[PDB]
Every structure is written in C-alpha cells, then in structure tokens.
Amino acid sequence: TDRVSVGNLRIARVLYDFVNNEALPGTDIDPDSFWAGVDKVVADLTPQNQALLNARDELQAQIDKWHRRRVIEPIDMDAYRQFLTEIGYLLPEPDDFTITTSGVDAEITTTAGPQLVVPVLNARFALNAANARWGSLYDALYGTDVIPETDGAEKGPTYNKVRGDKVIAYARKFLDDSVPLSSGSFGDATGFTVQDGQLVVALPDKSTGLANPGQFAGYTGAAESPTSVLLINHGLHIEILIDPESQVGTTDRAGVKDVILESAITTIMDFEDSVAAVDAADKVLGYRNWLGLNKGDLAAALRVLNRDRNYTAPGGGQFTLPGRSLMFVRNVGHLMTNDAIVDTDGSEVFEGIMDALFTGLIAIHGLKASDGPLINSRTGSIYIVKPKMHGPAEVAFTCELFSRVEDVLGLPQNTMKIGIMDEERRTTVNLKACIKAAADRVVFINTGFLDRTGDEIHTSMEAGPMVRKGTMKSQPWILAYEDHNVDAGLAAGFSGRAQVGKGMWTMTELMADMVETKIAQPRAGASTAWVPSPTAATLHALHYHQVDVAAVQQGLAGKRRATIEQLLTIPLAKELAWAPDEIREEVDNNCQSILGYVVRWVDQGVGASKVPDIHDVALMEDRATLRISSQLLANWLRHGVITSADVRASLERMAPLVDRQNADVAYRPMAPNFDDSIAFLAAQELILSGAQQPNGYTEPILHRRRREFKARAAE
C-alpha cells in the first residue's frame, strides 16, 4: 500500500516521488545512497530522540510532585533551586567561551535589522516574504495607521493627497533623522546631484552635502540628474526614488516618488508553529515551496523572486546589492512523529529528523546557480532554526543530527548552521551550556517568548494558579529571561558573529503601536526581532535607523543583569487577586482565542490566522499562543479558579461569535451541534486535557484532530 520499502522504513509514495523527482536532481547525491542515509540516520538517532523526550517527562513528574508536597507558604527558592540542581534540571554553568561559527553571511553576522517569519505552505506569502528585503516606506505609511486617518487624512477608494502629504512629511523627517544634511532639511530639498563622487542636495537658498558623506552609497541614472539616491545608515540601505513624472513626484518639492527601505534582511520559512502539516501530503507541499525558493523558480499567478539591484558607486564604478531576504528554514522540534515515514512495525518516524534530512537536502539548491546567480548563502551555509529544545543535551543532539545529515548529503561538516530558539525554561536556565553545545554552528539565539510563557505555565502547573495572560508580559521571570538571553549571547561573542533576536509583534493592524513600542527590542541590544509581514518589516526597519545596535551591544558587554533566582520566579497569582467578572473575562477571552485559532487549524489546515480577540483587536495567532491560552485555562481549572461548567459554558458562548467572525466561504459553523464539531471538541480537549499534554504542547491534539477531520471529509 501507498508506501515504498527502504531498509526498515516504509516511505509514503508522495514523499518518495517528491524527493527522487524534484529534490534530488541537481544535487549530485545518488538516490540510493540518500535513502540508505535516511534509513541509517533514523535507526541510529531515534533512540536518543526518544530518551530525550522521556527525560522531559521524568523531570516534569518530579517537579509536579515536589510542588504537591510543599507545605510552607511562599516557595523556599533556595530549596527549589537546589532541588532543580539535584535532579539535573539546573546544570553547571560552563567556563566563558567564544563561538567559532564560520562561513556565515553578513546579513547574520553584522547587519542588524528585521527578521520576517512566514508559513512555508503559503507560496504567495513566502514569495512576498523573500522579496521583502526592500519595501516601500510610502506604502507602509499610507496603508496602515502609522499616519492617523484624522483630519481629512482618511483612506478611501482613491488616493488622498492630504494623507499622501503626511506620508511624504513623515519620510522627510526620517531622512533628517537618519542621514542628516550638513545644514537644512530634506523637507526643503528641490533636487539631488552627484559632484566629484559627493552627494549635493539643492535647497531653495543654497546647496549642502551630508553631515557624514560616508552615508552616501550610490545612485542610479546620470550623476547630474539621478533617478535615485542610495544611502546607508547603521548598515541598512535607504533609496530615494527621484521621478518628477510620477503622480506622487509631480506634487513633490524635489520630484521624489518614494523612499525604499532595506527591510527584512533575513526571513524564516516556517515548517513549525505557523503551519498545519499532519501527514506526507502536507509535508510535501511545504518541501516543494522550500525547493522553489532555493531553486529560484517559485512563482504564482506572474509574481517571481526578485533579482539583485544595480547601483553606481559614488565614484562612478558599478556595484550590486542583494535583492532578496536571506532565507532560514524553521524545522520542527524534537517532539512529534509523522506518518510520512513509518517503520516495519507501523511506528511513525520523528518529524524533526525528517525535516533535517529533507530541508537540508533541498537547501543545497540555494548554494548554487539558479537557471541566474546563486539564490541564498554566498558563503556556503544552510540556515536552520531549531525550536522547542529543552537543555544543552537536546542542543547537542540537534548538532549530532546535522552532522549525520551533512554526511548523508556529502556536505562539509558544519554547513548546517543552527538558530537556537530560547523558548523553554530548561534552555533559559542553561542557556550558556546550550550555546556552547552548538559553539561551531550557532548563528542566532532568539527569545521565543510565547512558547516560553506556555512552558512557564506547564512547568509550574502544580504550584498554584497563575497570573492572567496579559499580566505575563510584565512578570519578573520574563524580564529576567529577555535580559539573560542578551547577556549570554554577547558573552559568547555574538557581536559581529551571530544574531541576538527577540520575539514577534502579533497585532498586525496596530502599526502605530508597533512603531512606538517595538523600538525597545533594538534598544535592549537585539540585532534582530520578528515581524509578521513585509509591511511590518519596513516599519520595524525605522527602529534600526534610530538605534545603533552595535553601540548598544558594546555597552552591554560583560554585564550580568539576571540572577538564577529571577529566572526561576514563578508567575503565581496572589490570592483574591480577581473579581468574578475579571475571571469571566479571562475565560471568555482565552476560549475565544482558542476556538478562533483551532477552528481554522482543524477545518482548513491554516496554522496562522488573523483572529480578533474579546476587545476586537486583530491578533496574528500561532500555535505558541494556543499553548499559552490552553495551559492557563487548564491551570485555572486545576486549582479551582474555575469549574468545568464555566469552561464548557464559555466555549459554547464564544463558539457562535467565532462562527460569525468567519461567516469565509469555506467556513462551517461549530454551533449548535458542538458534540458533532471536531474543531470544537479539539478546543475542549486542549483545555480539559491540557495538564496531561507533554510540556503543555498542543501538536498531539491538533494533529490527531486535523487528521480526524481529513478522514471524515474524505468519506
């Protein structure tokens, strides 16, 4: 049946065909040697993979029981800390070291700027994401609420000159702030010229050059009347498009048509928490998109990947700039199996092992010429993000897996670099050892704060009721965790060598708020942080022109700003903390978020969705926010904050609101036949079984229920 026997493996035919016919040709890897490598790697590494997962359960069971046996008041932290040390949860911190990762591209070692995450299963989005290296500041300002729609500046079907003028003014001020003139303002410019390799800006009364002429990077067209002027600030490029004949430029005082920002410097093509992929068919769809990205020929009806950009040097020679975002791929973590391959006993193969083999194989195409130039890493690297690891031994195992894949693929050792997510507590409190375990492969650490919050709730599930979800962002543990991550990175030598990353902005319509708030991340020394869209990448790029991250990192060096005691501060709520109506709001809010995400997950296979919340804020939800919401409610049910009747009532009450919030044409209602809705029952199960899920992970239930929905839709 539908499977191909190779050693101990029974490969789903759709995957077998995909690899042989699409992924392997062009790599010089022998098909029989590849599949023999798969069989061998899977056989050799599956035992340690399973033992690691069992170690998680052993540790969690010990912590569960420890909390249940606590008599004394507030927790004795000294006792808690030595208990975590006794059981091997808290491990010794290694001696200071510097990472040795080599052959890494400048977009990662040096350039500070936005990092975009996109669901790899969506080809149109992945294409737009790869092309997001450059984006229009004007469109990002006009399209969003960064420019208020107040005083006659409202959007309409047709262009609004009042609004367009505010856009232009906003951009002119950005130029003044980023690439200052020697005297005067870009707002008063009437033209641009190059004279003796030097940019000259025409004002009404005089001319002027740059306060720092080094920021002039090039131009297009004739030096005497350029079609564009290219600036650089903090390593990020700014392009002023000069076109007096265009509509916008006809009204502009210097003919400027647009300001283009280097935006998404890197992009993470995601197989994990923003996608729903539960079998071989789903996995192949994403592998195929990843292949089209690396081969350079991905296309949708036609939209294609961009080629590099051509410029004239200030001195008159020619040069070129990367036109695409440098691509990472995020593999799944150590937990799940997938029946795309099963062994002779019918056991599913570990999906993380498969992702390393297949995404690594496909990535070879990005290292070589696309039928023009090489698509991705000019320095020879493959960039893999590995999520949800717990502790240094799990990092060491990921590195061993990459070493074995490199052997199968015939690649140099350490070709496969690792972006480490710091999004589980046992990685947080052992982060230095985790970095050291990958000292010759690591290209970033990143605080995956949403997963980290889920793991915070589950780990201390037995300790008592936790604070409400909105309170987590300001809890002591999470502030220490964010600072602890930057300290570890800089102390391991990340400045100039590897990104220090922070987390995702989820409120896709609140771009004014993002431009106001998200500047805190570069200000905290992060050389990158996550945005959900190309538009958001362009606006987040403003922050890197305001903040000199390299300076910030230099000033943070050698500091030790989080103690182990702060990292271990459990977000327990104080008693009597909430009125009944606050409890009710938190329950309704979490049930609505779960139902809104799960219904598109189970019914349509969408893993990241714009879901409005109880205050009608549009949130771009992924699986990690589902882990938080379900674990919180499970924690509140576990300690008697809420009853089973409250949960069921809230779910039933919020489900028709979700039914209505969708209406779209593919959508099917959950109300009123709740016991007939797989998606409703999945939502219920995520809550009522949440405390029994391993580390609170949602994939076991989501996968099972999505597969169930698939099986019913087929018959």
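Residue indices: 1-based, along the sequence shown. Between two forms, the rigid core is the largest collection of C-alphas that superpose within 1.5 Å.
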Going by root mean square C-alpha distance after a core fit, say whether 354 to 362 or 311 to 319 is farther from the shown form in 8 other deposited structures of this protein.
311 to 319
Note: with structures superposed on the core, the stretch whose C-alphas sit farther off in 8 other deposited structures of this protein, 76 to 84 or 149 to 157, is 149 to 157
Other entries lacking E685, at least a third
no
Other entries lacking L302, at least a third:
yes
Count class of deposited residues lacking coordinates, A301 to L302
4 to 9
Determine, for stretches 675 to 683 and 44 to 52, which one has the higher mean CA B-factor as deposited.
675 to 683
Between 686 to 694 and 646 to 654 (mean CA B-factor, as deposited), the higher
646 to 654
Of the residues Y544, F328, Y219, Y287, the one carrying the largest Cα B-factor as recorded:
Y219
From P522, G419, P532, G640, pick the one with the largest CA B-factor in the entry?
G640
Place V6 in the lowest, middle or highest third of its chain's C-alpha B-factors, as listed in the PDB entry.
middle
So, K574's CA B-factor, relative to its chain, sits in which third? The highest
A666: CA B-factor among chain residues, third -> highest
Lowest, middle or highest third: which one holds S609 when the chain's residues are ordered by CA B-factor from the entry?
highest
Place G503 in the lowest, middle or highest third of its chain's C-alpha B-factors, as listed in the PDB entry.
lowest
